[PDB]
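Peer 1: Shown below is the structure under consideration.
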Amino acid sequence: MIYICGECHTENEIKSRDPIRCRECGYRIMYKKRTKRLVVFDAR
Amino acid sequence: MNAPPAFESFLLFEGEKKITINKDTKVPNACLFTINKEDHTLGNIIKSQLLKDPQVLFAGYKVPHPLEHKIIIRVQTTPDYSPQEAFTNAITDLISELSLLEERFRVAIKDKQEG
Amino acid sequence: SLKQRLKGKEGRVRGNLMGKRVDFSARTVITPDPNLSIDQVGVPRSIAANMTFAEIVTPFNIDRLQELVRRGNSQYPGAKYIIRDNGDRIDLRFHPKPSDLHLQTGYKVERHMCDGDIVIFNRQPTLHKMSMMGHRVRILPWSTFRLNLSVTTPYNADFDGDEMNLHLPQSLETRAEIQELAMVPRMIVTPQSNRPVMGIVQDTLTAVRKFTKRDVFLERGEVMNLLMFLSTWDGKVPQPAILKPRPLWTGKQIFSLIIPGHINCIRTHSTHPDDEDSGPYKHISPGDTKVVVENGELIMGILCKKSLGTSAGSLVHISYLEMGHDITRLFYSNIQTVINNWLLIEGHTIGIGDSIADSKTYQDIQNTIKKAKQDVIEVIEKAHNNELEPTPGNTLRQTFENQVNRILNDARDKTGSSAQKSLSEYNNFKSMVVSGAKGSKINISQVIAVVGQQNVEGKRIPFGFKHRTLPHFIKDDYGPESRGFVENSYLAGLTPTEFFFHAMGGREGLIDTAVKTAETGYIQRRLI
Amino acid sequence: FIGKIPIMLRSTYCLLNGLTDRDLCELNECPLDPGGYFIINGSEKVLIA
Amino acid sequence: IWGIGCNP
Amino acid sequence: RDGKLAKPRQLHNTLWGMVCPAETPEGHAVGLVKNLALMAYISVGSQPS
Amino acid sequence: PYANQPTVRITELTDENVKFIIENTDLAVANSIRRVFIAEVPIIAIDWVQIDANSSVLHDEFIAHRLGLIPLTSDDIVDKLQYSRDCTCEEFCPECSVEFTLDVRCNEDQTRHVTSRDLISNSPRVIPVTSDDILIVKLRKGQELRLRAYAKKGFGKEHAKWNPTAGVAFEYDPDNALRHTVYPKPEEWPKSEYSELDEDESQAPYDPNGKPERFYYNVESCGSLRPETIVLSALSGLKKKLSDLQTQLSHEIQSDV
Amino acid sequence: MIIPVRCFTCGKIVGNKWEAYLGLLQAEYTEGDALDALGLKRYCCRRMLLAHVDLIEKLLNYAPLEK
Amino acid sequence: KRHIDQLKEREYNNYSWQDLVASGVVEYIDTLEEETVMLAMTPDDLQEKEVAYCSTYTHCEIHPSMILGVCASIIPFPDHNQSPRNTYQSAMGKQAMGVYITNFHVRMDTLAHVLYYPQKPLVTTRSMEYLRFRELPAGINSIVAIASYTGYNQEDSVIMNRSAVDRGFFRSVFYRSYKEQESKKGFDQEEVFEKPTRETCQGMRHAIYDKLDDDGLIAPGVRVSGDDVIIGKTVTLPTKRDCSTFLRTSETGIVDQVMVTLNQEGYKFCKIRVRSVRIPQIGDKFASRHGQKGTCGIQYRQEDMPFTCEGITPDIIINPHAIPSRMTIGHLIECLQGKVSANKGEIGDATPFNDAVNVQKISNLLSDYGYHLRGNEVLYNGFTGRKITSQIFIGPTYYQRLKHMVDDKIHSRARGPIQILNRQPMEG
Amino acid sequence: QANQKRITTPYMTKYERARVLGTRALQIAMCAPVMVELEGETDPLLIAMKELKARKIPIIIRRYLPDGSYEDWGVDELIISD
RNA sequence: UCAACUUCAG
Ligand SMILES: CO[C@@H]1[C@H](O)[C@H](n2cnc3c(=O)nc(N)[nH]c32)O[C@H]1COP(=O)(O)OP(=O)(O)OP(=O)(O)O
Ligand SMILES: [Mg+2]
Ligand SMILES: [Zn+2]
Ligand SMILES: [Zn+2]
Ligand SMILES: [Zn+2]
């Protein structure tokens with residue numbers, strides 16, 4: 001998938017079985033990024 | 001997780017009667033009207049209007065349980081009068097009173113404005 | 001080791017055999033429900049959907065059970081399982097199983113728990129047998145067990161985060177045994193003290209005291225509204241006590257319709273003058289005290305914890321002993337319902353105005369405290385000049401402490417009596433104390449007049465620092481303020497040293513409770 | 001090198017020491033956080049006196 | 001918290 | 001906590017100003033776990049030389 | 001044996017408030033009219049939210065809650081709009097709902113206050129009572145909120161978001177003459193604004209034959225419906241509830257016969 | 001965290017009044033006078049603005065996850 | 001006055017507490033020295049010449065209220081409550097829901113509760129300023145009536161206004177974080193995050209695995225109902241075994257944040273945080289700042305709650321029977337002071353030993369704003385509209401939402417899982 | 001024992017009533033013939049209660065004396081506690 | 001998975 005970097009906030013695409021290191025910053029904490037499918041919230 | 005949906009308060013589920021009439025055997029000329037999906041708003045109005053009637057010996061309403069949504073109105077009338085007729089007359093009188101209130105409130109609005 | 005596996009609590013003998021974790025049990029928080037009967041309990045839909053009762057398919061219930069099976073586990077009034085004669089459990093949760101939906105006599109449908117099911121209700125610790133009682137299920141929205149407030153006292157339960165266990169009998173035989181041996185109406189009177197375990201409590205008790213005063217007069221509409229909530233009503237409106245100028249019923253006249261059958265009882269209200277019985281107006285009782293129920297009609301009196309509470313000879317106890325347990329259940333429920341609606345009319349509250357007393361009352365309290373402090377000073381001077389002489393069986397230190405304690409307690413009592421004289425009829429602290437619903441005259445006095453002496457280990461606040469109680473006091477001060485006496489009321493506010501001493505007293509009480517639990521539990525286990 | 005000593009947060013040897021609230025926000029730390037605890041295996045542990 | 005004869 | 005003696009748990013007079021009188025856990029630890037007062041400080045230690 | 005003829009006198013009429021007096025009416029009728037003001041006057045409010053992108057500090061359902069609480073002009077079309085349950089079309093359509101859109105990004109350095117003004121409606125009659133503004137969220141630079149919302153007709157019994165009124169002040173017997181409230185010390189109690197008593201007299205003399213009449217109302221609008229039309233719609237809705245009740249009652253009486 | 005839309009007790013919109021309240025406080029107005037100027041009359045509504053703690057400003061200091 | 005004036009200009013005057021200590025104005029005294037020191041609680045009351053109790057005071061308390069700790073310092077008017085009630089309030093204030101930290105978004109902590117709209121108390125102690133209670137408050141001010149309304153506040157329960165709850169009153173967010181680490185123990189046996197396949201992976205469940213993304217981790221913003229598969233982890237079997245993590249039963253949340261990192265070992269490590277928005281129900285536990293708590297007995301809408309002449313309906317109704325036995329008069333004084341503060345626009349001062357704030361002064365202040373001295377108000381019955389005969393004590397009191405909620409406690413068992421050794425139903 | 005020399009109480013105890021009602025209920029739920037004419041009662045426990053009132057439950061209680069002897073008391077012979 | 005620990009609830 002595409003993981004947003006923790007520090008430099010640049011999306012990087014990491015394949016499965018690949019070390020979690022952002023290109024150009026090297027931070028080791030990535031975030032999965034919001035899903036394309038949309039969820040309905042009742043305003044209640 | 002066990003929270004009832006909000007629409008349960010006033011929406012009848014399929015196969016539910018708004019009014020069910022059961023006579024009261026303990027006393028002659030008495031009836032018990034069970035209104036579903038109604039609250040004190042209608043119950044107190046109807047009970048007051050029934051009390052205004054001179055041929056209604058007894059008129060009362062109760063919510064059997066606050067969490068559930070139901071109203072029970074006991075009406076007992078004199079002989080030569082029917083509790084169902086008393087209920088219908090109460091409803092018609094309240095409708096007429098509310099329509100008169102509407103007309104006079106509209107007139108009062110139009111007079112408060114434009115002068 | 002093998003011994004450790006079998007030895008103590010959590011071992012096989014006690015932790016797995018004498019007691020064990022069981023199926024068909026549900027725990028959740030409890031909240032009040034005045035509208036439920038004594039035996040009724042309120043069960044959330046989720047708890048009722050998980051727990052099941054196996055019902056044998058018979059020719060007379062095959063249609064209903066087949067409908068329940070058709071609904072399945074998803075729709076709430078449905079069945080989780082179908083047990084065949086062979087013992088094979090068809091699962092209704094997992095996949096339609098259209099061929100296996102058929103029912104024949106001898107099959108067991110594990111239906112969901114429904115209204116009217118008998119369940120055991122439990123609170124820990126089960127100190128007495130009223131702590132486990134049989135309740136009839138009623139399914140209500142939201143996620144808490146809902147129980148009648150008269151049933152709180154046997155369980156020792158308050159709705160401040162308490163939880164209750166629920167056990168569902170799984171056989172008709174054990175269901176009948178529970179229903180007859182343990183149903184809540186059958187548990188009203190305890191064999192421990194031959195008194196009712198349950199009585200009118202909290203709002204209903206205060207509102208009953210207010211309702212049964214002579215002053216209470218109810219108009220036609222209020223009477224009809226209250227009669228609406230009386231289940232045992234015959235449908236006949238009593239002739240009002242005052243026919244003219246306007247038809248007005250009385251609170252006693254309507255409460256007489258609650259009292260079942262023909263019950264005869266004579267009690268006395270808490271504020272009954274001792275002089276009245278000896279002197280004239282024995283049967284007139286100017287204060288409307290005393291309580292006389294003849295032919296099931298409340299002829300005269302104001303009801304309180306002495307009449308409608310858990311005590312021997314109460315109206316509740318006499319109703320159980322005379323009319324039976326079912327009619328007594330109806331009695332409790334009707335009292336609660338109609339008196340709670342009248343309380344909706346009259347209302348009840350507590351405010352700051354209840355804590356406030358007259359200016360003269362405050363002045364008298366201050367004068368009493370001044371005189372007491374002066375007398376303690378005089379006693380201390382007598383001891384210092386060696387005039388004091390030891391009381392037999394006591395040292396000079398002990399006799400001095402006893403004299404000072406007597407002076408301080410007498411002043412505290414006098415200030416409390418002045419505060420209680422100040423109380424009006426409208427005062428709500430007094431209303432709750434008189435009804436017996438909550439509080440005591442001690443609490444009223446501490447609120448209004450004087451918190452009183454703070455004592456630790458049965459003595460005044462000890463000389464924790466070197467020969468003094470706090471660093472603020474001079475060494476060798478045995479006066480009231482130094483050793484713990486709190487002259488300010490809670491409403492007035494404790495001064496800092498009084499605050500610390502009060503904290504010491506409260507800490508001692510808390511420690512006593514916490515230490516008590518374990519020793520009493522061990523004793524109870526040994527006895528059983 | 002003989003070992004590693006856990007560092008109490010916002011102590012003199014913590015990296016957060018002597019940092020203004022803006023700098024603490026840049027590091028995703030709360031300005032209002034008291035410190036006084038150790039992060040061991042990712043969990044905050046407080047030595048109780 | 002009341003007195004010596006009462007409660008703490 | 002197992003000890004049922006009501007001596008070690010009681011609020012001592014010397015706790016004034018240095019341990020909160022109100023704040024204590026309730027249960028097996030009444031009066032055994034305490035909390036510093038607001039202005040209380042605890043000595044860090046010094047050389048007596 | 002018949003209903004009394006009530007009378008109305010409007011003392012104050014402002015865009016936010018209606019102060020009126022209803023005379024020769026029962027307490028039950030008056031209280032139920034107030035109750036209908038609060039709970040049974042239809043209004044338009046957001047009840048469907050779909051958040052395409054929410055990088056704000058507030059989570060999605062927080063934003064949805066705040067959006068639902070935002071009042072929406074429902075003066076005329078709330079009577080025309082149908083309930084979603086009544087509408088034949090699946091989900092929502094122009095007849096059963098109104099569509100709002102929010103597309104805000106804080107490109108600038110300064111904090112962007114997302115307001116109700118940023119909500120854009122597909123139909124001009126419903127607007128978020130903008131004609132300051134209700135603040136939905138504050139966006140730091142690089143934070144974006146995008147969402148689509150659907151506003152449906154409903155009344156306050158469902159949810160407080162559909163309350164058309166802020167505070168309904170209802171008072172009867174301004175000077176205690178029916179003794180419906182018994183003061184322990186009458187003098188300590190402040191006089192009502194509608195009180196006609198002299199300053200010396202704390203309470204009016206007890207009227208034994210009196211009945212509660214001459215009810216005083218102050219209805220404050222939330223801005224969605226004009227305060228006059230709140231009262232008119234409440235009266236009409238209560239009358240419609242009574243008429244539906246009468247229809248069902250007549251049907252069941254015929255069935256029993 | 002952010003000023004609630006609608007006072008809890010009655011439902012009058014208080015969400016539009018926070019920035020005006022802060023501005024009036026900056027002007028010179030006392031808290032009570034600012035609350036009166038904004039039109040808040042019942043103490044239920046005045047509690048909403050008077051007791052409000054605006055944490056959204058502190059949370060906006062942290063940098064966004066995606067820029 | 002010189003020291004106080006310099007400290008008042010503290011910043012840009014470079015005068016601090018250490019300068020006050022160096023001047024010899026203040027001194028640190030321990031318990032042993034407290035045994036040998038004559039103290040005065042207050043300078044004016046005690047040092048000044050009167051009937052001479054002591055004329056050898058060697059020290060003076062800075063302020064008596066400092067004898068309390070952090071949790072007891074939030075209690076307003078603690079000197080007017082019974083002592084065990086202040087202990088109860090300390091314990092319960094450790095359990096109130098609020099914004100625990102400002103960096104809560106960054107932190108992935110299991111079991112985090114954060115309140116929607118925290119408010120600072122209208123009646124506040126001065127020492128709260130040093131506890132940062134204004135900065136990160138926990139609880140909301142609420143119009144509270146001390147009344148017996150419908151019997152659902154009896155014992156210790158509390159009636160609540162459903163309309164207020166619907167407007168955001170005491171709404172909270174519960175974040176639950178799940179951690180899973182893929183690891184290799186055997187040389188041929190490894191754990192991989194992947195979407196489990198029905199055929200390829202021997203172990204499976206009825207639970208939906210569709211929500212799992214390609215990596216085996218649910219993306220943020222996906223609703224996850226109880227027992228759905230948050231993380232998909234499969235172990236090679238020397239075909240595959242399913243070690244996928246599932247939601248805790250009845251969690252029913254939405255994924256907030258999914259972070260994928262490498263732990264110290266270098267193995268892949270995943271943390272997934274789930275939001276559940278919890279609205280107050282009729283089992284949830286709310287407590288005041290005075291040591292008296294209670295579950296929500298029932299929720300009535302604004303039409304049903306009793307209303308004043310002004311149209312105000314209490315957010316919370318508490319039973320009057322709580323007050324007398326517990327003697328928490330600080331609750332009543334706080335309601336009165338909160339009414340005064342809300343009408344005045346100030347923030348009330350409830351420092352323990354002020355001696356300048358009597359109840360009579362608060363009553364006289366409340367009288368000026370058009371209310372009854374003692375805070376009572378004529379309430380009209382919501383259901384019938386008739387005036388309630390007994391005037392009812394109403395005021396703004398600060399209430400806290402404790403972490404104990406009914407949804408977390410409700411449980412039921414029917415022929416579920418069973419232990420291996422005892423073959424008896426499991427625990428928990 | 002015999003009809004003579006029956007020393008146990010003639011009244012049926014609460015425990016005997018509970019177990020008799022439950023046993024009869026279970027039998028009725030197991031398609032056992034019902035002695036009384038049920039008046040539209042489809043609940044086995046209610047039918048068992050109805051039979052107990054009519055004294056038509058076909059069960060005899062064997063009460064074991066502490067010395068080891070037993071006495072056979074018919075349900076009809078016993079006086080119903082309620 | 002199981003043992004241990006601590007923290008809470010009443
Ligand atoms: C009233 O008695 C109950 C029961 O005895 C049961 N219980 C509670 N803790 C324990 C325990 O540790 N061990 C055992 N065996 N039983 C225990 O709890 C007791 C009271 O405790 P409390 O005094 O705190 O009740 P508040 O007076 O405080 O009630 P508020 O106003 O908060 O609702
Ligand atoms: Mg409790
Ligand atoms: Zn990066
Ligand atoms: Zn449509
Ligand atoms: Zn408001």
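By order in the structure tokens, chains are A, B, ...; within a chain, residues start at 1; ligands start at 1, following the order shown.
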Counting only C-alpha atoms (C1' of nucleotides) and all ligand atoms, what residues are within 6 Å of ligand 1, given as a list in words?
Peer 2: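 So the residues close to ligand 1 are residues 160 and 517 of chain C; 27 of chain F; 156, 292 and 293 of chain I; 10 of chain K.
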Peer 1: Find the residues near ligand 4. Use a cut-off of 7 Å, count only C-alpha atoms (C1' of nucleotides) and all ligand atoms, and write them as a ChimeraX atom specification.
Peer 2: /G:84,87-97
Peer 1: Quick one: pull the distance between CA of residue 8 in chain F and CA of residue 29 in chain F, Å, one decimal.
Peer 2: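 Computing it gives 10.6 Å between the two atoms.
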Peer 1: Excluding same-chain residues fewer than 6 positions from residue 18 in chain H, what lies within 9 Å of it counting only C-alpha atoms (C1' of nucleotides), as a short mmCIF file (atom, residue, chain, number, x, y, z; two decimals) with C-alpha atoms, in the first residue's frame?
Peer 2:
data_model
loop_
_atom_site.label_atom_id
_atom_site.label_comp_id
_atom_site.auth_asym_id
_atom_site.auth_seq_id
_atom_site.Cartn_x
_atom_site.Cartn_y
_atom_site.Cartn_z
CA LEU G 135 -17.39 27.55 13.98
CA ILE H 3 -16.85 25.85 21.71
CA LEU H 49 -18.85 30.63 27.33
CA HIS H 52 -15.16 27.00 28.14
#
Peer 1: Name the residues in contact with range 193-198 of chain G at a cut-off of 8 Å, using only C-alpha atoms (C1' of nucleotides), excluding same-chain residues fewer than 6 positions from it; report them as an NGL selection string.
Peer 2: :G and (174-175 or 204)
Peer 1: Give one line per residue of chain B that approaches chain I to at most 12 Å, naming the two atoms of the closest pair and their distance in Å to one decimal, counting only C-alpha atoms; sort by chain then ascending residue number and deliver it as JSON lines.
Peer 2:
{"residue": "B:1", "atom": "CA", "partner": "I:407", "partner_atom": "CA", "distance": 7.3}
{"residue": "B:2", "atom": "CA", "partner": "I:407", "partner_atom": "CA", "distance": 9.0}
{"residue": "B:3", "atom": "CA", "partner": "I:281", "partner_atom": "CA", "distance": 7.9}
{"residue": "B:4", "atom": "CA", "partner": "I:281", "partner_atom": "CA", "distance": 11.0}
{"residue": "B:6", "atom": "CA", "partner": "I:162", "partner_atom": "CA", "distance": 11.2}
{"residue": "B:9", "atom": "CA", "partner": "I:301", "partner_atom": "CA", "distance": 11.5}
{"residue": "B:39", "atom": "CA", "partner": "I:383", "partner_atom": "CA", "distance": 9.1}
{"residue": "B:40", "atom": "CA", "partner": "I:383", "partner_atom": "CA", "distance": 6.1}
{"residue": "B:41", "atom": "CA", "partner": "I:383", "partner_atom": "CA", "distance": 7.7}
{"residue": "B:42", "atom": "CA", "partner": "I:383", "partner_atom": "CA", "distance": 10.7}
{"residue": "B:43", "atom": "CA", "partner": "I:384", "partner_atom": "CA", "distance": 9.8}
{"residue": "B:44", "atom": "CA", "partner": "I:384", "partner_atom": "CA", "distance": 6.8}
{"residue": "B:45", "atom": "CA", "partner": "I:384", "partner_atom": "CA", "distance": 9.3}
{"residue": "B:47", "atom": "CA", "partner": "I:384", "partner_atom": "CA", "distance": 10.9}
{"residue": "B:48", "atom": "CA", "partner": "I:384", "partner_atom": "CA", "distance": 10.4}
{"residue": "B:61", "atom": "CA", "partner": "I:384", "partner_atom": "CA", "distance": 11.5}
{"residue": "B:62", "atom": "CA", "partner": "I:383", "partner_atom": "CA", "distance": 11.1}
{"residue": "B:63", "atom": "CA", "partner": "I:383", "partner_atom": "CA", "distance": 10.7}
{"residue": "B:65", "atom": "CA", "partner": "I:150", "partner_atom": "CA", "distance": 11.2}
{"residue": "B:66", "atom": "CA", "partner": "I:298", "partner_atom": "CA", "distance": 8.7}
{"residue": "B:67", "atom": "CA", "partner": "I:298", "partner_atom": "CA", "distance": 8.2}
Peer 1: Within 10 Å of ligand 2, counting only C-alpha atoms (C1' of nucleotides) and all ligand atoms, which protein or nucleic acid residues do you find, written as a PDB file with C-alpha atoms (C1' of nucleotides), in the first residue's frame?
Peer 2:
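And here is the file that came out, part.pdb:
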ATOM      1  CA  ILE C  30     -28.065  -2.040  38.257  1.00  0.00           C
ATOM      2  CA  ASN C 156     -27.639  -4.300  50.263  1.00  0.00           C
ATOM      3  CA  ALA C 157     -27.570  -2.605  46.869  1.00  0.00           C
ATOM      4  CA  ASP C 158     -27.433   1.043  45.873  1.00  0.00           C
ATOM      5  CA  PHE C 159     -27.324   2.305  42.301  1.00  0.00           C
ATOM      6  CA  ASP C 160     -23.895   3.928  42.434  1.00  0.00           C
ATOM      7  CA  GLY C 161     -22.030   1.504  40.178  1.00  0.00           C
ATOM      8  CA  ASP C 162     -23.115  -1.753  41.829  1.00  0.00           C
ATOM      9  CA  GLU C 163     -23.470  -4.876  39.703  1.00  0.00           C
TER      10      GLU C 163
ATOM     11  CA  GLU I 155     -30.687   5.514  46.019  1.00  0.00           C
ATOM     12  CA  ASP I 156     -27.614   7.031  44.336  1.00  0.00           C
ATOM     13  CA  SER I 157     -28.694   7.150  40.707  1.00  0.00           C
ATOM     14  CA  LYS I 293     -21.415   9.333  42.530  1.00  0.00           C
ATOM     15  CA  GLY I 294     -24.222   7.589  40.741  1.00  0.00           C
ATOM     16  CA  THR I 295     -25.281   5.799  37.597  1.00  0.00           C
TER      17      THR I 295
ATOM     18  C1'   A K   9     -15.028  -1.579  41.289  1.00  0.00           C
ATOM     19  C1'   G K  10     -18.723  -2.449  45.201  1.00  0.00           C
TER      20        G K  10
END
Peer 1: Enumerate as a list in words the residues belonging to chain D that approach chain I to within 7 Å, with only C-alpha atoms taken into account.
Peer 2: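 Interface list for chain D against chain I: residues 28, 29 and 30 of chain D.
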Peer 1: Any chance you could export the current selection's C-alpha atoms as a PDB file, in the first residue's frame?
Peer 2:
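Dumped everything to result29.pdb:
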ATOM      1  CA  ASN D  28       5.212  15.848  19.527  1.00  0.00           C
ATOM      2  CA  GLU D  29       5.585  16.125  23.303  1.00  0.00           C
ATOM      3  CA  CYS D  30       3.171  17.967  25.533  1.00  0.00           C
TER       4      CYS D  30
END
Peer 1: Would you give me, as a count of residues only, the residues in chain D that DSSP reads as strand (DSSP E)?
Peer 2: 6
Peer 1: Let me see if you get this right: every residue at most 7 Å from ligand 5, counting only C-alpha atoms (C1' of nucleotides) and all ligand atoms, written as a compact mmCIF listing (two decimals) with N, CA, C and O atoms, in the first residue's frame.
Peer 2:
# COMPACT_ATOMS: atom_id res chain seq x y z
N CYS H 7 -26.09 25.67 23.53
CA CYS H 7 -26.01 25.41 24.95
C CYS H 7 -26.72 24.12 25.30
O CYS H 7 -27.80 23.83 24.77
N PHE H 8 -26.11 23.33 26.18
CA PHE H 8 -26.66 22.01 26.49
C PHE H 8 -28.06 22.12 27.07
O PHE H 8 -28.95 21.35 26.71
N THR H 9 -28.27 23.06 27.99
CA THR H 9 -29.51 23.10 28.74
C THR H 9 -30.69 23.54 27.88
O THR H 9 -31.75 22.91 27.89
N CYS H 10 -30.52 24.61 27.11
CA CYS H 10 -31.61 25.17 26.34
C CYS H 10 -31.47 24.95 24.84
O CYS H 10 -32.46 24.61 24.18
N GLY H 11 -30.28 25.11 24.29
CA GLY H 11 -30.09 24.93 22.87
C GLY H 11 -29.86 26.19 22.08
O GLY H 11 -29.81 26.13 20.85
N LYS H 12 -29.73 27.34 22.74
CA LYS H 12 -29.37 28.55 22.03
C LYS H 12 -27.97 28.41 21.47
O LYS H 12 -27.07 27.89 22.13
N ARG H 42 -29.60 33.66 30.21
CA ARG H 42 -29.74 32.64 31.23
C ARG H 42 -28.37 32.14 31.67
O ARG H 42 -27.44 32.04 30.86
N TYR H 43 -28.25 31.80 32.95
CA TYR H 43 -26.96 31.34 33.45
C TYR H 43 -26.53 30.03 32.81
O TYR H 43 -25.34 29.71 32.81
N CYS H 44 -27.47 29.27 32.24
CA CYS H 44 -27.10 28.07 31.51
C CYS H 44 -26.26 28.42 30.29
O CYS H 44 -25.26 27.75 30.00
N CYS H 45 -26.64 29.47 29.56
CA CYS H 45 -25.88 29.87 28.38
C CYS H 45 -24.58 30.55 28.78
O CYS H 45 -23.55 30.36 28.12
Peer 1: So that I can check the surroundings of residue 62 in chain G, please list as a CSV table (one decimal) with N, CA and C atoms, in the first residue's frame every protein, DNA and RNA residue that reaches within 8 Å of it, counting only C-alpha atoms (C1' of nucleotides) and ignoring chain neighbours fewer than 4 positions away.
Peer 2:
chain,number,residue,atom,x,y,z
G,58,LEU,N,-10.1,17.4,15.3
G,58,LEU,CA,-11.3,16.7,15.7
G,58,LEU,C,-11.5,15.5,14.8
G,66,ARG,N,-21.1,18.3,15.3
G,66,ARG,CA,-21.2,19.7,15.2
G,66,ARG,C,-22.0,20.2,14.0
I,116,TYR,N,-15.4,15.1,24.9
I,116,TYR,CA,-15.6,16.1,23.8
I,116,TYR,C,-15.4,17.5,24.3
